[PDB]
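Novice: Protein chains in written order, with the entry's author numbering: chain D, 7 to 51, 54 to 369; chain C, 7 to 51, 54 to 369; chain B, 7 to 51, 54 to 369; chain A, 7 to 51, 54 to 369; chain H, 7 to 51, 54 to 369.
C-beta: ideal position from N, C-alpha, C; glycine also.
Below: one structure in structure tokens.
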Amino acid sequence: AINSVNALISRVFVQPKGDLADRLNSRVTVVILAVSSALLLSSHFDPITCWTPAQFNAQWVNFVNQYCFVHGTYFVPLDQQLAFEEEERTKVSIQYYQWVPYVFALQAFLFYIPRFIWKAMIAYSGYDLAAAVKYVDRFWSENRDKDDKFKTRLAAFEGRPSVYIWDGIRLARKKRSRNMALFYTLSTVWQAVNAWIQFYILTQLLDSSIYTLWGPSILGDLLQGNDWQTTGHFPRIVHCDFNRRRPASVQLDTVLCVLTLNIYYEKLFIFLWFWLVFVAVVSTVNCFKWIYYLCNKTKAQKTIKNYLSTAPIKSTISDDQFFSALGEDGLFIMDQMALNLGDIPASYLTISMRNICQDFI
Amino acid sequence: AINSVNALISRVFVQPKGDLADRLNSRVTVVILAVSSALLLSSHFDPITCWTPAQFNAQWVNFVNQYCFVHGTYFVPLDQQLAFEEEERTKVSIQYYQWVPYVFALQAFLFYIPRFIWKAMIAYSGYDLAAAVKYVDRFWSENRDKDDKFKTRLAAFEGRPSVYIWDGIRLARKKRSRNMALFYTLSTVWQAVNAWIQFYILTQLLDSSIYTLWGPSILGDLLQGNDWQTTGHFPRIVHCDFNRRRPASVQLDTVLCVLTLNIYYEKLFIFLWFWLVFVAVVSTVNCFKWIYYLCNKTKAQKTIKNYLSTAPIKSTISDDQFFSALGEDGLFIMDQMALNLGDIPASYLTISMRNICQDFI
Amino acid sequence: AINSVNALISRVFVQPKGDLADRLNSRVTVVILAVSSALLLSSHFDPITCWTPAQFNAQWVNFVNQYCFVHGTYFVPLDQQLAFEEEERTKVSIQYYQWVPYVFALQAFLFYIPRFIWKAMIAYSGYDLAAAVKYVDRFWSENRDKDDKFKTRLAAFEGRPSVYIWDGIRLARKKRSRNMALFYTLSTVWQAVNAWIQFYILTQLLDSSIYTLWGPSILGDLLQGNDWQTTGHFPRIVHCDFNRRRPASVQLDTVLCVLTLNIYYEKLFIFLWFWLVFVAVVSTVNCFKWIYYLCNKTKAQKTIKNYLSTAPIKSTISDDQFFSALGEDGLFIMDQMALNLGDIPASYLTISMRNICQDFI
Amino acid sequence: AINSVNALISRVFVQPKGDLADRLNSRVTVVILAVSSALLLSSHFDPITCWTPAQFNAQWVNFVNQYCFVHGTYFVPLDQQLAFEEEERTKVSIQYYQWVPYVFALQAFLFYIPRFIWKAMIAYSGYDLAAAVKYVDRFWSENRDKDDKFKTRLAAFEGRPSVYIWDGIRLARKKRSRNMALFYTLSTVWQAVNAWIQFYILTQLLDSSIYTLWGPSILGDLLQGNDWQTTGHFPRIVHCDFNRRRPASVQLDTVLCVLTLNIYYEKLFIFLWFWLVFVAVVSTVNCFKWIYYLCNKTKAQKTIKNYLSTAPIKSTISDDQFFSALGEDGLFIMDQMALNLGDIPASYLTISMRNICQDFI
Amino acid sequence: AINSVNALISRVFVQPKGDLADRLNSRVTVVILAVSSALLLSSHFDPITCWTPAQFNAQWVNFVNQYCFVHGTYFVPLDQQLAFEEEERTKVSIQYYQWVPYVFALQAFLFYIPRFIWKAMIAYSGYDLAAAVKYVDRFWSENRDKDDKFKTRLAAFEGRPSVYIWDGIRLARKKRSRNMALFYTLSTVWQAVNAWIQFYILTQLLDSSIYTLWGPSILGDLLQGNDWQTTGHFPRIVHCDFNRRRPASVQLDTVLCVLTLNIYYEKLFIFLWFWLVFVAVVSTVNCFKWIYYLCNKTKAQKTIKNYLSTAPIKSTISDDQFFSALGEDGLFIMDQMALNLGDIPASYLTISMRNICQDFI
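Written as structure tokens, this is what we have:
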């Protein structure tokens, strides 16, 4: 059959509204890992097929099938005979079927957490950016078109939106926010550390006792033409111990089982390793951006002092004390308005807020 | 069954808005290679069928089927007997089933990257073309029809849109853009090099040790009537080594397996080679266009100096110093407006911007 | 099952807007050949059934089925025995299964190319007919109904649309178009040559070594009652060589296989030959029309000089010098407006353009 | 399963707009024959079942099934033994499975051609009736309701629609139409001859060597209770020659096969013969109508001279010379307006055109 | 499975607009007989099952199944032995499977014809009732609600609708209609005779040689408890002659086949006989209504002379000569307006037409 779900993918992939730069790789990460996880445990609707001997009546084949899938499997390159005891034969032991498809779902969830941390944390800070942005937005969606306001366009932002934002600041500033920028940079630290932990989980996945995977080694093998049977690891043909019961208890034998899933798993561990290390390095530089921002803060004002330089007629109020009134809170939320509404609609907003800021400072 | 997906193909094939010339062969390339890849690994919902001997009970047939698919296969033209050892029989060894259907998906993704590079890079440059184009666009969609503005049509562009664009330039020009044209031509260099690398991946695909494919050789064979068995390569009937286990370990035999997929794969490697070399040569000339543009830049102004020659009443301001004010940034974004909105609506815009450009120069 | 796709057929069959006369046989050709191709390789969801002898266990039947389909088949009229060697038996050898269903898809694509050549070429010429036609169109869709403009109807075309068209000509005429008519007639030459090449591909299809098909011979046989077995070619019952492997290598035998597809293929090669030769002869006369047009050009003006003869009040400007101003470019685009908008709405447009043409000549 | 397609049947059955009287039996003919054809080759999703002897293993049953379907079948009434040789047994030979379901599709197409001839031919004539009719139509759809125009209703047709039609005549009359009526009557001759040829194809279908079908003979048999086995023709139980291969080559035997399709085919050849002869005789009288019309032409004016007799106030212009101005072209297009818009809305149009016709004559 | 089609049943069952009294039993008749016919030949997706003896291998069971269905079957009450020869055993011979399900479809079509006769015939008469009724209808749908016209309500019908109808009469009366009432009563004669012929076809169906069916006999048996086996006719268990072929030719035997369809067929021949005789007697009285109408015609005016008796203020014009002007044509179309629009909206129309009728008489 075929399964194509457009809508549910569009829910996370689209619906929640933000343009946040490359923080939307949480949005797409959840989709990739969620779809891969839900696809693998779907078993491509036979995971494993086996050689079980002549006289089994085919209700046992459908048994030794699972009993090989559930109980572990192992591998030996072939011609070593079987070795002996339980050890030298079981030395290389490949069962990651138990982990991978579920631990991916867990991965995806742990990529979704940081957004939740940011929503709950901004609701803790007291000043909600979602409402403000969606407001000044549609203010800019209405009268951008209307020709009645252009020569007035500057004075239009003065009354209606700028009093809304500048009014929200008065309420928030009395409740648990001069700090909301700091809360944001903690959110992005959590983003980075989360990414690296996920990557490390990919590495330590499979089993650390038998190697570990990271891409340029595997591609540095395949592209040398080492396949599997001559590389000594990661096989597609696995022997399977097997146990009946009689008054002689164990009665174990070895039945080799061709193994399909191992053709997918290491075709997508070459991709998904590159893509997770990419999400890691693009998420970790975004963090140092904001520690730099939070630290220097004298060059955090370059964008605002830049917008105030266009400033038709440049009326009166001085520069510094405007930052004295706006400094802790608004200096951030402006860096948010520029990121969503665009650039030019923000400059009008921050040049209007300079005119009406008196009573507060 | 039948799978027909119109919508998801229309998402990439349509939804993101641009007319960029023959840069939309990334758009269609992703569709061709993505659909081919997703179709091949669908196995036309039997990849390979085999001759396995008389006494197997049909749970082994369904085994030696995979065990032949997963483990490699090879080919010998027939009547050579089997030769001997492991080598002369395995000399020509055909397994590209492992690579092709997945490496196509990887291809498609690597065709989608350059668009991403251009979006992220224009967001780095500071001046967003998407917003501007979509703005002056619907400005031209509203009052193109309205009869109240025609004798005023020139003066209409003066106030409303031209102040928007010409205002965006003031903001961008202070932040990391005189260069956005250079960023664009780097994007197109990446486009070309990406295309040629993809083509080279097609060539080196299959296995370089046993020939390599490029079209006029294969068609230069088929159209001479060489099929396969007499051309010595690329078969549809492949022998398959096979291994049981007993106290005598290997016990290998040879079971020839009719092989269906090889009827598709080299029907679409004749097409897809031509089509990739075409995308290559149409993408590589588009690049030299922009290096020429970026270099000479005295003949990059021919279109603007051309629009200013229609110029009703040709009021006052001289020619050169207009380019002195507009030169680095706007000279590009105009070449973008002409490409999307059409030609005639752009000439009005660039003849209006000449009138209101004073304060900035 | 049943597959009925209305929408995707309506996309090519309808969506792209033009009335171009019998150039829409590219539009319908792509549909016929694409649907036939996609239907044939669907195998009418058994291509071939065979007689394979008594003791095969039905996993071999499902093998010799393909091994007969993939490896070639041949035919002998029956009672000749088998002849001998490999030659006299294989003299008539029927395998076109490999070619036909795919080479049809290739056909369809090569019918779609010329439209692409025309779009890209008109975008090279500098003056876009699509925008202009869709503009003066909906200008004629709005105020055709409105009763306020009829006595003014002539003066209505004067201001709004005619300045748009006549303004586009000023821009184009400075960039790489006096020639757009020539580009068009090259497009139609490509149309004709493309058609004849496709037809010739039908002929040389099957195999030229064993006859070739063209309709009045086949119908000139069937309607004489020659079927197949007595006509010596084109059978529905084909013998199939077959090869096992043992220490005696070849072990070939002959197993006759009833062959279904051959009932479809030559029911639609009687139709599709007629229909391609029709598309050829209707496409090739359309070409000589435009070479005649491009050559004489004194009788290319008959339609315009005809429209200017209705001409209420026939004000002032002389005849010839109007053509001197309009000659190279507009004389074409008018022959385009007449073809899409209809006839009477074009006459108003070309009688209005005579009034406002002064400044340009 | 069940297949019900409403929309595609509604496309031809409805969408193209015309009321043309009983020329819409092309519209419905295409539907009947197309649906019958597509239903028969669907095989009622077993065409033929057979008696094949005891020891065949059921992969041969599924062979001799087709090999009987593809290779011909014959019939003998039973108890004649088998006769002998190849002739007396094969005398009556029933295979129309090869022809019927496809030749119906061909039929349907050849019913659709004449409409195409009429569209292309009217586009050759220069004056498009589709646009005019759809125009004066919605002119009559708008202000039929509006109460502001009734006492003015006559004067309403004077300005807006009548100048449109009467203006189109000026353009057409200069290009290849005084004749469009003649083109129409050639179209209807083609209609009639096409119908009779189709009917004759039904007759000569099956095989002329063994009888031929026309209804009152078959019903004149069935309703006498002659079924098949006693009527000597048209059986439901057919013997089937069959050929193996051994060192004795032919080895033919006779295996009688119950035959289902023959229960449908002559249930719908009783219907479809009546219905085609009806379409023939209703289409052939429609033709003599228009040859009469084209010939006498003094009584072709009875409808117009009839409309001019209601004529409130009957102002001035004489009768004959109005026909002198309108005679060749408009006299037809009026007989078209009466057929689509109805009758009363046409009389207003032709009584208005009498008032404004001066300048043209 | 399940098949439920609402829309296609609603097309005939609803879409064509008329209230014609009990002439809509053609509308519902077509649905009943069409659905029954299409359901029966669907075989309730096994028509007949049979006892065929021990040693048949189940590819013969699936043969003797059809060979019993196609070739006839017969019946004997049981214990008579088999009798002898071919006659006494085959005396009662039940095969109506061949006829019934198709002859029902033919029935339905022959119920649909009379509507077609009426549409074509009214289009022959020259005055189209469909347009008029649908016009004065929506005239009554608009201003019935509007409160501005009530005291004016009488004068409202005077200008707008009544001039439309009374104007159509002037055109029609000059072309082939004083007679349209006569055409209508011929249509209803055809309706009645058609109904009785259909009923007689039900009777003579099955086979007249073995009884015939009409309801009160069958129910007069079942409700006496005569079932089948003791009533001597109409069985559910039928013996089936059967023929192999050997050098002894016939080799016929008798294999009794349980027969399911016979449980449906005479459950719905009890219903459908009553329902057809009802449609007959309700359709035949509707006919004598109109012969009475057409004949006396002095009491055909009772409804109009009745409406003119309400007549506010009863202005001037006498009674009889109004009928002299309206007599042949309008006297009918009024009896049509009363049947569709209702009664009270018609009285206003016929009291308005009395006021404005002067010029015509």
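#1: Against chain B, which members of the segment 131-159 of chain C pass a CB distance test of less than 7 Å?
#2: Is there contact between the segment 197-214 of chain A and the segment 280-291 of chain A, where contact requires at least three CB pairs shorter than 8 Å?
#3: With 9 Å set as the bound, which would you pick, yes or no: does the beta-carbon of residue 253 of chain B sit closer than that to a beta-carbon of chain C?
#4: Which partner residues of residue 108 of chain A appear in the DSSP bridge assignment?
#5: Just to make sure I have the definition right: I need the residues of chain A whose C-beta is within less than 8 Å of the C-beta of residue 14 of chain H. Which are they?
#6: Taking the beta carbon of residue 10 of chain H as the centre, do at least 16 other beta carbons fall within 10 Å, making it buried, or is it exposed?
#7: Just to make sure I have the definition right: I need the residues of chain B whose C-beta is within less than 8 Å of the C-beta of residue 268 of chain C. Which are they?
#8: Just by C-beta distance, which residues in the segment 309-326 of chain A are closer than 7 Å to chain H?
#9: Any beta carbon from chain A within less than 9 Å of residue 351 of chain B's own beta carbon?
#10: Residue 245 of chain C versus chain B: which residues are under 8 Å apart at the beta carbon?
#11: So which of H/274, H/249 and H/256 has the shortest CA-CA distance to residue 265 of chain H?
#12: DSSP three-state call for residue 367 of chain H: helix, strand or coil?
#13: If we cut at 9 Å on Cβ distances, does residue 367 of chain D have a partner in chain C?
#14: Per DSSP, residue 132 of chain B forms a beta bridge with which residues?
#15: Tell me where the alpha helix (DSSP H) around residue 311 of chain B begins and ends.
#16: Say whether the segment 231-248 of chain D touches the segment 73-85 of chain C, bearing in mind that this needs 3 or more beta-carbon pairs closer than 8 Å, one atom from each stretch.
#17: By the 10 Å Cβ neighbour count, where 16 or more other Cβ atoms means buried, how is residue 22 of chain C classified, buried or exposed?
#18: Please list the terminal residues of the continuous beta strand (DSSP E) segment that includes residue 234 of chain C.
#19: Buried or exposed, going by whether 16 or more other CB atoms sit within 10 Å of the CB of residue 31 of chain H?
#20: Looking at the secondary structure, which residues open and close the beta strand (DSSP E) in which residue 262 of chain C lies?
#21: Nearest-angstrom Cα distance between residue 256 of chain C and residue 271 of chain C?
#22: From residue 301 of chain H to residue 196 of chain H, what distance separates their C-alpha atoms?
#23: Does the distance from the C-beta atom of residue 169 of chain C to that of residue 147 of chain C stay below 9 Å?
#24: Beta-carbon within less than 7 Å of residue 360 of chain A's beta-carbon, same chain only, minus the 5 sequence neighbours each way: which residues are those?
#25: Terminal residues of the continuous alpha helix (DSSP H) containing residue 100 of chain D?
#26: Would you mind giving the Cβ-Cβ distance between residue 321 of chain A and residue 362 of chain A, rounded to the nearest angstrom? I have them listed as a contact below 8 Å.
#27: So which residues of chain B does residue 271 of chain C contact, with C-beta pairs closer than 8 Å?
#28: Any idea if residue 318 of chain H is buried or exposed, counting beta-carbon neighbours within 10 angstroms, 16 or more meaning buried?
#29: Using DSSP bridges, identify the partner residues of residue 267 of chain H.
#30: Please name the residue, chosen from C/133, C/348 and C/368, that lies closest to residue 131 of chain B on a Cα-to-Cα basis.
#31: Residues of chain C with a CB under 7 Å from the CB of residue 176 of chain B: which are they?
#32: Here's the rule: buried if 16 or more other CB atoms are within 10 angstroms of the residue's CB, otherwise exposed. What is residue 79 of chain H?
#33: Around the C-beta of residue 238 of chain H, are 16 or more other C-beta atoms found within 10 angstroms, so that it is buried, or is it exposed?
#34: With 9 Å as the threshold, decide whether the Cβ of residue 40 of chain A is near any Cβ in chain B.
Specialist: Concretely, from the data shown:
#1: 155 and 158
#2: yes
#3: The count along the third sequence starts at 1 and reaches residue 253 of chain B at position 245. So yes, residue 253 of chain B belongs to the interface.
#4: For this step, residue 108 of chain A is matched to residue 100 along the fourth sequence. According to DSSP, which records beta bridges pairwise, residue 108 of chain A is partnered with nothing at all.
#5: Indexing the fifth sequence from 1 puts residue 14 of chain H at position 8. Result: 10 and 12.
#6: Translated into positions along the fifth sequence, residue 10 of chain H becomes position 4. Label assigned to residue 10 of chain H: exposed.
#7: What you label residue 268 of chain C is simply residue 260 of the second sequence in a count that begins at 1. Ordered by position in chain B, the residues that pass the 8 Å Cβ test against residue 268 of chain C are 74 and 78.
#8: 314 and 318
#9: The count along the third sequence starts at 1 and reaches residue 351 of chain B at position 343. Closer than 9 Å to some Cβ of chain A, the Cβ of residue 351 of chain B qualifies, so yes.
#10: Taking the first residue of the second sequence as position 1, residue 245 of chain C is located at position 237. Neighbours of residue 245 of chain C on chain B, chain order: 75, 78 and 79.
#11: Stepping through the fifth sequence from its first residue, residue 265 of chain H is reached at position 257. Taking only the C-alpha atoms, the option nearest residue 265 of chain H is H/249.
#12: Translated into the one-based positions of the fifth sequence, residue 367 of chain H becomes position 359. Here residue 367 of chain H sits in coil by DSSP.
#13: As a position in the first sequence, residue 367 of chain D is number 359, starting the count at 1. Cβ-Cβ to chain C under 9 Å: no for residue 367 of chain D.
#14: Your numbering for residue 132 of chain B matches position 124 in the third sequence. Its beta-bridge partners do not exist; DSSP assigns none.
#15: Here residue 311 of chain B refers to the residue found at position 303 when the third sequence is read from its first residue. Counting along the chain, the alpha helix (DSSP H) containing residue 311 of chain B begins and ends at 310-315.
#16: yes
#17: Reading the second sequence from its first residue, position 16 is the one you call residue 22 of chain C. Exposure of residue 22 of chain C is indicated by the presence of fewer than 16 other C-beta atoms within 10 angstroms of its C-beta.
#18: Taking the first residue of the second sequence as 1, we reach residue 234 of chain C at position 226. DSSP places residue 234 of chain C outside any beta strand (DSSP E), giving it a letter other than H or E.
#19: Reading the fifth sequence from its first residue, position 25 is the one you call residue 31 of chain H. The residue in question, residue 31 of chain H, is buried, as its Cβ has 16 or more Cβ neighbours within 10 Å.
#20: For the purposes of this step, residue 262 of chain C is taken as residue 254 along the second sequence, with counting starting at 1. Counting along the chain, the beta strand (DSSP E) containing residue 262 of chain C begins and ends at 260-262.
#21: The residue labelled residue 256 of chain C in the question sits at position 248 within the second sequence. The residue labelled residue 271 of chain C in the question sits at position 263 within the second sequence. Cα to Cα, residue 256 of chain C sits roughly 38 Å from residue 271 of chain C.
#22: Mapped onto the fifth sequence, residue 301 of chain H falls at position 293. Mapped onto the fifth sequence, residue 196 of chain H falls at position 188. Cα-Cα distance, rounded: 12 Å.
#23: If you number the second sequence from 1, residue 169 of chain C lands on position 161. If you number the second sequence from 1, residue 147 of chain C lands on position 139. For residue 169 of chain C and residue 147 of chain C, yes; Cβs fall inside 9 Å.
#24: As a first step, residue 360 of chain A must be located in the fourth sequence, where it is residue number 352. Cβ neighbours of residue 360 of chain A beyond the five flanking positions: 162, 165, 166 and 170.
#25: Looking up residue 100 of chain D in the first sequence gives position 92. First-last for residue 100 of chain D: undefined, no H or E at that position.
#26: As a working mapping, residue 321 of chain A is identified with position 313 in the fourth sequence. As a working mapping, residue 362 of chain A is identified with position 354 in the fourth sequence. In fact, because the Cβ distance is near 12 Å, the residues do not count as touching under 8 Å.
#27: Taking the second sequence and counting its residues from 1, the one referred to as residue 271 of chain C is at position 263. Those within 8 Å of residue 271 of chain C in chain B are 78 and 106.
#28: Numbered from 1 along the fifth sequence, position 310 holds the residue referred to as residue 318 of chain H. Looking at its Cβ environment, which holds fewer than 16 other Cβ atoms inside 10 Å, residue 318 of chain H is exposed.
#29: Numbered from its first residue, the fifth sequence carries residue 267 of chain H at position 259. In DSSP, residue 267 of chain H forms a bridge with H/56.
#30: In the third sequence, the residue the question calls residue 131 of chain B occupies position 123. Distances from the alpha-carbon of residue 131 of chain B to those of C/133, C/348 and C/368 put C/348 closest.
#31: Position 168 of the third sequence, counted from the first residue, corresponds to residue 176 of chain B. Going along chain C in sequence order, the residues near residue 176 of chain B (Cβ under 7 Å) are 352.
#32: Along the fifth sequence, one-based indexing puts residue 79 of chain H at 71. Residue 79 of chain H comes out buried.
#33: As a first step, residue 238 of chain H is located in the fifth sequence; it is residue number 230 there, counting from the start. Of the other Cβ atoms in all chains shown, fewer than 16 fall within 10 Å of the Cβ of residue 238 of chain H; this residue is therefore exposed.
#34: The residue you call residue 40 of chain A lines up with position 34 of the fourth sequence. Any Cβ of chain B closer than 9 Å to the Cβ of residue 40 of chain A would place that residue at the interface, and such an atom is absent.
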